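Have a look at work_22.txt; it's compact mmCIF, N, CA and C atoms:
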# COMPACT_ATOMS: atom_id res chain seq x y z
N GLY A 476 68.70 217.82 87.41
CA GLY A 476 69.42 217.18 86.32
C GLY A 476 69.68 215.71 86.58
N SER A 477 70.51 215.43 87.58
CA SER A 477 70.85 214.06 87.93
C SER A 477 69.59 213.23 88.17
N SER A 478 68.67 213.77 88.95
CA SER A 478 67.42 213.09 89.26
C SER A 478 66.40 214.05 89.85
N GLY A 479 65.36 214.35 89.08
CA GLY A 479 64.33 215.26 89.54
C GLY A 479 63.31 215.58 88.47
N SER A 480 62.09 215.06 88.63
CA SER A 480 61.03 215.28 87.67
C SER A 480 60.53 216.72 87.73
N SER A 481 60.27 217.30 86.56
CA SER A 481 59.79 218.68 86.48
C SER A 481 58.27 218.73 86.55
N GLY A 482 57.69 217.93 87.44
CA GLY A 482 56.25 217.90 87.59
C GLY A 482 55.64 219.29 87.65
N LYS A 483 55.40 219.77 88.86
CA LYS A 483 54.82 221.10 89.06
C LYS A 483 55.49 221.82 90.22
N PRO A 484 55.44 223.16 90.20
CA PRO A 484 56.03 224.00 91.24
C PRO A 484 55.28 223.89 92.56
N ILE A 485 55.62 222.88 93.35
CA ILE A 485 54.98 222.67 94.64
C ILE A 485 55.45 223.69 95.67
N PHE A 486 54.72 224.80 95.76
CA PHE A 486 55.07 225.86 96.70
C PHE A 486 53.94 226.09 97.70
N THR A 487 53.85 225.21 98.70
CA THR A 487 52.82 225.31 99.72
C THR A 487 53.03 224.28 100.82
N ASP A 488 53.05 224.74 102.07
CA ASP A 488 53.24 223.86 103.21
C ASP A 488 51.91 223.31 103.70
N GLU A 489 51.10 222.80 102.78
CA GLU A 489 49.79 222.25 103.12
C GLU A 489 49.05 223.18 104.09
N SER A 490 49.11 224.48 103.81
CA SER A 490 48.44 225.46 104.66
C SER A 490 48.52 225.06 106.13
N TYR A 491 49.70 224.65 106.56
CA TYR A 491 49.91 224.23 107.94
C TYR A 491 49.57 225.36 108.91
N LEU A 492 48.59 225.12 109.77
CA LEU A 492 48.17 226.12 110.75
C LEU A 492 49.32 226.48 111.69
N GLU A 493 50.16 225.50 111.99
CA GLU A 493 51.30 225.71 112.87
C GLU A 493 52.04 227.00 112.50
N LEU A 494 52.32 227.16 111.21
CA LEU A 494 53.02 228.35 110.73
C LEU A 494 52.33 229.62 111.20
N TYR A 495 51.01 229.63 111.15
CA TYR A 495 50.23 230.79 111.58
C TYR A 495 50.27 230.94 113.10
N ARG A 496 49.93 229.87 113.80
CA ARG A 496 49.93 229.89 115.26
C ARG A 496 51.20 229.26 115.81
N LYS A 497 52.34 229.63 115.24
CA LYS A 497 53.62 229.10 115.67
C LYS A 497 54.09 229.78 116.95
N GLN A 498 53.98 231.10 116.99
CA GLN A 498 54.39 231.88 118.15
C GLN A 498 53.24 232.73 118.67
N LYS A 499 53.27 233.03 119.97
CA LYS A 499 52.23 233.84 120.59
C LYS A 499 52.02 235.14 119.82
N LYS A 500 51.05 235.94 120.26
CA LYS A 500 50.76 237.21 119.62
C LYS A 500 50.35 237.01 118.16
N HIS A 501 49.35 236.16 117.95
CA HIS A 501 48.86 235.87 116.60
C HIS A 501 48.89 237.13 115.74
N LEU A 502 49.09 236.94 114.44
CA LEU A 502 49.14 238.06 113.51
C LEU A 502 47.75 238.69 113.34
N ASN A 503 47.71 240.01 113.26
CA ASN A 503 46.45 240.73 113.09
C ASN A 503 46.10 240.87 111.61
N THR A 504 45.00 241.56 111.34
CA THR A 504 44.55 241.77 109.97
C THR A 504 45.70 242.19 109.07
N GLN A 505 46.23 243.39 109.31
CA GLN A 505 47.34 243.91 108.52
C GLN A 505 48.51 242.93 108.52
N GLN A 506 49.09 242.72 109.70
CA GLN A 506 50.23 241.82 109.84
C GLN A 506 50.07 240.61 108.92
N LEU A 507 48.88 240.02 108.92
CA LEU A 507 48.60 238.85 108.09
C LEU A 507 48.76 239.19 106.61
N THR A 508 48.13 240.29 106.19
CA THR A 508 48.20 240.72 104.80
C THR A 508 49.64 240.72 104.29
N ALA A 509 50.52 241.38 105.04
CA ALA A 509 51.93 241.45 104.67
C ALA A 509 52.56 240.07 104.64
N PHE A 510 52.19 239.23 105.60
CA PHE A 510 52.73 237.88 105.69
C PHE A 510 52.58 237.15 104.36
N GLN A 511 51.38 237.22 103.78
CA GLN A 511 51.11 236.57 102.51
C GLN A 511 51.89 237.23 101.37
N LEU A 512 51.87 238.56 101.36
CA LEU A 512 52.58 239.32 100.33
C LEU A 512 54.04 238.89 100.24
N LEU A 513 54.68 238.77 101.39
CA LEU A 513 56.08 238.36 101.44
C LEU A 513 56.26 236.95 100.90
N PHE A 514 55.48 236.01 101.43
CA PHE A 514 55.55 234.62 101.00
C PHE A 514 55.54 234.52 99.48
N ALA A 515 54.46 235.01 98.86
CA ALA A 515 54.33 234.97 97.41
C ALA A 515 55.56 235.57 96.74
N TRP A 516 55.99 236.73 97.22
CA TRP A 516 57.16 237.40 96.65
C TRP A 516 58.38 236.49 96.71
N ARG A 517 58.60 235.87 97.86
CA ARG A 517 59.74 234.98 98.04
C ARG A 517 59.77 233.91 96.95
N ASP A 518 58.62 233.31 96.68
CA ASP A 518 58.51 232.27 95.66
C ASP A 518 58.88 232.82 94.29
N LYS A 519 58.23 233.91 93.89
CA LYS A 519 58.50 234.53 92.60
C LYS A 519 59.99 234.73 92.39
N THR A 520 60.60 235.55 93.25
CA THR A 520 62.03 235.83 93.16
C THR A 520 62.85 234.56 93.35
N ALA A 521 62.41 233.71 94.27
CA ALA A 521 63.11 232.46 94.55
C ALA A 521 63.44 231.72 93.26
N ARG A 522 62.44 231.54 92.41
CA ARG A 522 62.62 230.85 91.14
C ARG A 522 63.50 231.67 90.19
N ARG A 523 63.21 232.96 90.10
CA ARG A 523 63.96 233.85 89.23
C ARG A 523 65.46 233.76 89.53
N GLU A 524 65.80 233.74 90.81
CA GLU A 524 67.20 233.65 91.22
C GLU A 524 67.70 232.21 91.16
N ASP A 525 66.83 231.31 90.71
CA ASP A 525 67.18 229.90 90.60
C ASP A 525 67.71 229.36 91.93
N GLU A 526 67.02 229.70 93.01
CA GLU A 526 67.42 229.25 94.34
C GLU A 526 66.22 228.75 95.13
N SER A 527 66.48 228.11 96.27
CA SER A 527 65.42 227.58 97.11
C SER A 527 64.63 228.71 97.77
N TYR A 528 63.47 228.37 98.31
CA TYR A 528 62.61 229.35 98.96
C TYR A 528 63.24 229.84 100.26
N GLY A 529 63.55 228.90 101.16
CA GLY A 529 64.15 229.26 102.43
C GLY A 529 65.32 230.21 102.27
N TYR A 530 66.30 229.81 101.48
CA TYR A 530 67.49 230.63 101.25
C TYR A 530 67.11 232.10 101.10
N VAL A 531 66.10 232.36 100.28
CA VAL A 531 65.63 233.73 100.05
C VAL A 531 65.23 234.40 101.36
N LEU A 532 64.15 233.90 101.96
CA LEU A 532 63.66 234.45 103.22
C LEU A 532 63.07 233.35 104.10
N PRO A 533 63.65 233.17 105.29
CA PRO A 533 63.20 232.16 106.25
C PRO A 533 61.84 232.50 106.85
N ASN A 534 61.32 231.60 107.69
CA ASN A 534 60.03 231.81 108.33
C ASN A 534 60.12 232.88 109.41
N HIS A 535 60.98 232.64 110.40
CA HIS A 535 61.16 233.58 111.49
C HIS A 535 61.29 235.01 110.97
N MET A 536 62.22 235.21 110.04
CA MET A 536 62.44 236.53 109.45
C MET A 536 61.17 237.05 108.79
N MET A 537 60.64 236.28 107.85
CA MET A 537 59.42 236.67 107.14
C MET A 537 58.38 237.20 108.11
N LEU A 538 58.23 236.53 109.25
CA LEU A 538 57.27 236.93 110.26
C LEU A 538 57.68 238.25 110.91
N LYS A 539 58.85 238.26 111.53
CA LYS A 539 59.36 239.46 112.19
C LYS A 539 59.04 240.71 111.37
N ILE A 540 59.27 240.63 110.06
CA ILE A 540 59.00 241.75 109.17
C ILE A 540 57.50 242.03 109.08
N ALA A 541 56.74 241.02 108.69
CA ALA A 541 55.29 241.15 108.57
C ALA A 541 54.69 241.76 109.83
N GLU A 542 55.31 241.49 110.97
CA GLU A 542 54.83 242.01 112.24
C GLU A 542 55.28 243.46 112.44
N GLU A 543 56.47 243.77 111.96
CA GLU A 543 57.02 245.12 112.08
C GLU A 543 56.24 246.10 111.21
N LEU A 544 56.00 245.71 109.96
CA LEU A 544 55.27 246.56 109.03
C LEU A 544 55.88 247.96 108.96
N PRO A 545 57.20 248.02 108.73
CA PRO A 545 57.93 249.28 108.64
C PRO A 545 57.58 250.07 107.38
N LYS A 546 56.94 251.22 107.57
CA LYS A 546 56.55 252.07 106.45
C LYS A 546 57.74 252.38 105.55
N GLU A 547 58.94 252.34 106.14
CA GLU A 547 60.16 252.62 105.39
C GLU A 547 60.89 251.32 105.04
N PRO A 548 61.72 251.37 103.99
CA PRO A 548 62.49 250.21 103.53
C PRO A 548 63.59 249.82 104.51
N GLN A 549 63.98 250.77 105.36
CA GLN A 549 65.02 250.52 106.35
C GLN A 549 64.58 249.46 107.35
N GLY A 550 63.33 249.55 107.80
CA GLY A 550 62.81 248.60 108.76
C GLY A 550 62.95 247.16 108.28
N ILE A 551 62.99 246.98 106.97
CA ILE A 551 63.12 245.65 106.38
C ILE A 551 64.58 245.21 106.35
N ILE A 552 65.48 246.17 106.24
CA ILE A 552 66.91 245.88 106.20
C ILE A 552 67.44 245.56 107.59
N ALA A 553 66.92 246.26 108.59
CA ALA A 553 67.34 246.05 109.97
C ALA A 553 66.88 244.69 110.49
N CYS A 554 65.66 244.31 110.12
CA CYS A 554 65.10 243.03 110.55
C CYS A 554 66.15 241.92 110.47
N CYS A 555 67.00 241.99 109.45
CA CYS A 555 68.04 241.00 109.26
C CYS A 555 69.40 241.54 109.70
N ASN A 556 70.28 240.63 110.13
CA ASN A 556 71.61 241.02 110.58
C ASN A 556 72.53 239.81 110.68
N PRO A 557 73.47 239.70 109.74
CA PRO A 557 73.63 240.69 108.66
C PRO A 557 72.48 240.64 107.66
N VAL A 558 72.57 241.48 106.63
CA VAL A 558 71.54 241.53 105.60
C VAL A 558 71.96 240.75 104.36
N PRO A 559 71.04 239.92 103.84
CA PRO A 559 71.30 239.10 102.65
C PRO A 559 71.40 239.93 101.38
N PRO A 560 72.01 239.35 100.34
CA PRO A 560 72.18 240.03 99.05
C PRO A 560 70.87 240.21 98.30
N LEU A 561 69.79 239.66 98.87
CA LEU A 561 68.47 239.77 98.25
C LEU A 561 67.68 240.91 98.87
N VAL A 562 67.21 240.71 100.10
CA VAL A 562 66.44 241.73 100.80
C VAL A 562 66.98 243.13 100.50
N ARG A 563 68.30 243.24 100.37
CA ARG A 563 68.93 244.52 100.09
C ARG A 563 68.78 244.89 98.61
N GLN A 564 68.94 243.89 97.74
CA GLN A 564 68.81 244.11 96.31
C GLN A 564 67.37 244.44 95.93
N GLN A 565 66.45 243.58 96.33
CA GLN A 565 65.04 243.78 96.03
C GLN A 565 64.33 244.49 97.18
N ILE A 566 65.10 245.24 97.96
CA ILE A 566 64.54 245.98 99.10
C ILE A 566 63.33 246.80 98.68
N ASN A 567 63.44 247.47 97.53
CA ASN A 567 62.36 248.29 97.02
C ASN A 567 61.05 247.50 96.96
N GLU A 568 61.13 246.27 96.45
CA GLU A 568 59.96 245.42 96.35
C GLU A 568 59.38 245.11 97.73
N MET A 569 60.22 244.62 98.62
CA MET A 569 59.80 244.29 99.98
C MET A 569 59.06 245.46 100.62
N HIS A 570 59.67 246.64 100.56
CA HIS A 570 59.07 247.84 101.13
C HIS A 570 57.64 248.03 100.63
N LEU A 571 57.48 248.03 99.31
CA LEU A 571 56.17 248.21 98.70
C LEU A 571 55.14 247.28 99.34
N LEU A 572 55.51 246.00 99.47
CA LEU A 572 54.62 245.01 100.07
C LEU A 572 54.13 245.48 101.43
N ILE A 573 55.06 245.84 102.30
CA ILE A 573 54.72 246.30 103.64
C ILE A 573 53.67 247.41 103.59
N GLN A 574 53.83 248.32 102.62
CA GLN A 574 52.89 249.42 102.46
C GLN A 574 51.54 248.93 101.95
N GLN A 575 51.57 247.87 101.15
CA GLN A 575 50.35 247.30 100.59
C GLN A 575 49.52 246.62 101.68
N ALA A 576 50.20 246.17 102.73
CA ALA A 576 49.53 245.50 103.84
C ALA A 576 49.05 246.51 104.88
N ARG A 577 49.73 247.65 104.96
CA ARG A 577 49.38 248.69 105.91
C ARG A 577 48.33 249.63 105.33
N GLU A 578 48.44 249.91 104.03
CA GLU A 578 47.51 250.79 103.36
C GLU A 578 46.07 250.41 103.68
N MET A 579 45.79 249.11 103.69
CA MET A 579 44.45 248.62 103.99
C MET A 579 44.12 248.81 105.47
N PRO A 580 42.85 249.13 105.76
CA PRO A 580 42.38 249.34 107.13
C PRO A 580 42.33 248.05 107.93
N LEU A 581 42.11 248.17 109.24
CA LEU A 581 42.04 247.01 110.11
C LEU A 581 40.59 246.60 110.36
N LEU A 582 40.17 245.52 109.72
CA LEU A 582 38.81 245.02 109.87
C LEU A 582 38.38 245.04 111.33
N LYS A 583 37.08 245.16 111.56
CA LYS A 583 36.54 245.19 112.91
C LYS A 583 37.31 244.25 113.83
N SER A 584 37.87 244.80 114.90
CA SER A 584 38.64 244.01 115.85
C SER A 584 38.82 244.77 117.17
N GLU A 585 38.48 244.11 118.27
CA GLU A 585 38.60 244.73 119.59
C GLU A 585 40.06 244.82 120.01
N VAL A 586 40.60 246.04 119.99
CA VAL A 586 41.98 246.27 120.37
C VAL A 586 42.07 246.95 121.73
N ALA A 587 43.16 246.69 122.45
CA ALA A 587 43.37 247.29 123.76
C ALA A 587 44.85 247.54 124.02
N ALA A 588 45.20 248.80 124.26
CA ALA A 588 46.58 249.17 124.53
C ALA A 588 46.66 250.44 125.37
N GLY A 589 47.84 250.70 125.93
CA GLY A 589 48.02 251.88 126.76
C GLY A 589 49.03 251.66 127.86
N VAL A 590 50.25 252.14 127.65
CA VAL A 590 51.31 251.99 128.64
C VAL A 590 52.24 253.21 128.64
N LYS A 591 52.70 253.59 129.82
CA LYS A 591 53.60 254.73 129.96
C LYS A 591 54.61 254.50 131.08
N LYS A 592 55.89 254.63 130.74
CA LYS A 592 56.96 254.43 131.72
C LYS A 592 58.24 255.12 131.26
N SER A 593 59.04 255.57 132.22
CA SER A 593 60.30 256.25 131.91
C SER A 593 61.09 256.51 133.19
N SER A 594 62.41 256.61 133.04
CA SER A 594 63.29 256.86 134.18
C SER A 594 64.37 257.87 133.82
N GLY A 595 65.21 258.21 134.80
CA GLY A 595 66.27 259.17 134.57
C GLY A 595 67.08 259.44 135.82
N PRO A 596 68.06 258.57 136.10
CA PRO A 596 68.93 258.70 137.27
C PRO A 596 69.89 259.88 137.16
N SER A 597 70.80 260.00 138.12
CA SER A 597 71.77 261.08 138.13
C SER A 597 72.78 260.90 139.25
N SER A 598 73.99 261.41 139.04
CA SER A 598 75.05 261.30 140.03
C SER A 598 75.23 262.61 140.79
N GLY A 599 75.52 263.68 140.06
CA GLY A 599 75.71 264.98 140.68
C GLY A 599 74.48 265.44 141.44
Here is a file; write its structure as structure tokens.
Amino acid sequence: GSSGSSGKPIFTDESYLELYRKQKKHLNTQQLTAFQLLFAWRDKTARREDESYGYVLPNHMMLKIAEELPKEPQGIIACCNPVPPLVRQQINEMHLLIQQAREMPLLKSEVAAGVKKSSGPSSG
């Protein structure tokens, strides 16, 4: 109102690679899929709620979730602490996204895993 041209909805960080390779353990096929789903969603709702993008969902959080890929809506609520009035309100939407990123298979990729450990002390 005071000062701000209504040019166009500039919603893009110049596809900054940093965002992708910001932290170790680069995102995999699926993880990536969800990452985009969340971003787009944030923008859509962001405008609807007449609020900024960040306010809705930050980067760190957005990632943590995309990486978790919780089949259930709870995994999305726990990711945050406390939980915002959004993620909880539109929780249903967020959940769906996670499933949309997991539903799809993992394109050819050499994976390697396998670990086993456990303990159990005692006094008596």
Interatomic distance (Å, one decimal) between atom CA of residue 513 of chain A and atom CA of residue 480 of chain A: 27.3 Å
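Counting from atom CA of residue 498 of chain A, the distance to atom CA of residue 532 of chain A is 17.8 Å.
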Would you list, as an MDAnalysis selection string, the residues of chain A that end up in helix (DSSP H, G or I) under DSSP run on this structure's backbone? chainID A and resid 492:495 504:523 528:531 534:543 549:553 566:578
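Comparing A:540, A:561, A:502, A:554 by their smallest distance to residue 523 of chain A, the closest is A:561 (using only C-alpha atoms).
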Would you list the contacts of residue 515 of chain A as a list in words, taking every protein, DNA or RNA residue within 12 Å and counting only C-alpha atoms, but skipping same-chain residues closer than 4 positions in sequence? residues 486, 487, 508, 509, 510, 511, 519, 520, 521, 522, 528, 531, 532, 537, 568, 569 and 572 of chain A
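For the pair atom CA of residue 536 of chain A and atom CA of residue 485 of chain A, the interatomic distance is 21.6 Å.
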Between A:490, A:549, A:534, A:597, smallest distance to residue 570 of chain A by only N, CA and C atoms belongs to A:549
Env of segment 582-595 of chain A: 9 Å cut, atoms = only C-alpha atoms, seq-sep filter 2 positions within chain, self excluded. Answer as a PyMOL selection string. chain A and resi 503-505+579-580+597
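Using only C-alpha atoms, the smallest distance between any of A:507, A:581, A:566, A:558 and residue 538 of chain A comes from A:507.
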